[PDB]
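Below sits a lone chain in C-alpha cells, taken as the form deposited in one PDB entry.
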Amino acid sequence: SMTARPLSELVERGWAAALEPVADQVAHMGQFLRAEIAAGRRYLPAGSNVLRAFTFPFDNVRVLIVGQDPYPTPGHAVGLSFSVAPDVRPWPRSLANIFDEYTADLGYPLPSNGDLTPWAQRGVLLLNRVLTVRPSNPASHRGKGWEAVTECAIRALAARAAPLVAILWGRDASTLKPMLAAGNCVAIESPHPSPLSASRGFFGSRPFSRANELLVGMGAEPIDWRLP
C-alpha cells in the first residue's frame, strides 16, 4: 500500500497533486510503519485508514478541523480525526465533549453515534497533525515524519483560490497556524476537547457557528453541521 503504491492510487486525484511535495515523505512513513510491525509494536489506525482524510476531494474543503493524533484505543481511530465507527460506544471522552459543545453551540440534539463521515462528505477535512499512534501511548509518533505531510496539506489548502476556515484543537494543531498566515484563510484556536484541556476554554468556544459566520463572510456556503 503506502510505501508500495504512489499517491495517485492512495488518495483522491486533487490531494495526490497537492501532496506531491511530500510524496517521498509519505513513502518514508510507509517504511517507518513496516519497521514498527517488524520490531513488534503496532499502530493505529489500520494501514488503509491512515490517509483517509485525503479520500474526500481537496477542491471541496471549506473547513479544516485539526486534532493532535489518532485515538490510542484499538477499535476507535478510523483515519478521520475524532470520528469512531457508527457501532462504537461509549464515545471517547474527547468526542462526548465535542458533542456537548455541538449541542450548546448549534442547538441540535446529541448525534445518534460518533461517525463524522457526514462532515467529511460536506467539506470538513478531519485531520490530525500526526496520522498514526502506537496503541495506548498518546503522542508516540510525534516527530516521526507526519508533521511535514500535515504541514504540506495545510499549505496546499491555503494556496487554493478557495475560502478556508481552520479549527485548531490543542498545541500540536496550533503549530500549523503560521502556514495559515494567508488572509483568505482565517483560524479558530481553542484548547483541545480532551478532558485534560477542555475546561481550559474548549467548552463555550462555539467553533461550529463561528466557522459558519466566517464562511458566510467570505461568500462561501456554511457547513451543514447537523448529524443524524
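Each form is matched to the other, and the largest set of C-alpha atoms that superpose within 1.5 Å is called the rigid core. Only residues modelled in both forms are compared. Numbers follow the displayed sequence, beginning with 1.
The same protein also has a form deposited in another entry, omitted here; what follows describes it.
Q) Which is the one residue in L164, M29, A198, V50 whose C-alpha moves 2 Å or more between this form and the one not shown, relative to the superposed rigid core? A) Going through each option, the one that shifts is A198.
Q | Rigid core superposed: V63 CA moves 2 Å or more between this form and the one not shown | A | No, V63 moves less than 2 Å.
Q.
Superposing on the rigid core, I want to see if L180 changes position between this form and the one not shown - specifically a Cα shift of 2 Å or more.
A. Shift at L180: below 2 Å after core fit.
Q. Between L64 and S194, does the Cα distance in that other deposited form come out closer or farther than in this form, changing by 3 Å or more?
A. Closer, not farther.
Q | Cα-Cα trend for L196 and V63, given that in that other deposited form the distance shifts by 3 Å or more | A | Closer together, by at least 3 Å.
Q: Spell out which consecutive segments of 3+ residues have Cα shifts of at least 2 angstroms at every position between this form and the one not shown, with the rigid core used for superposition.
A: The segments that shift (3 or more residues, C-alpha shift of 2 Å or more) are 170 to 175, 182 to 200.
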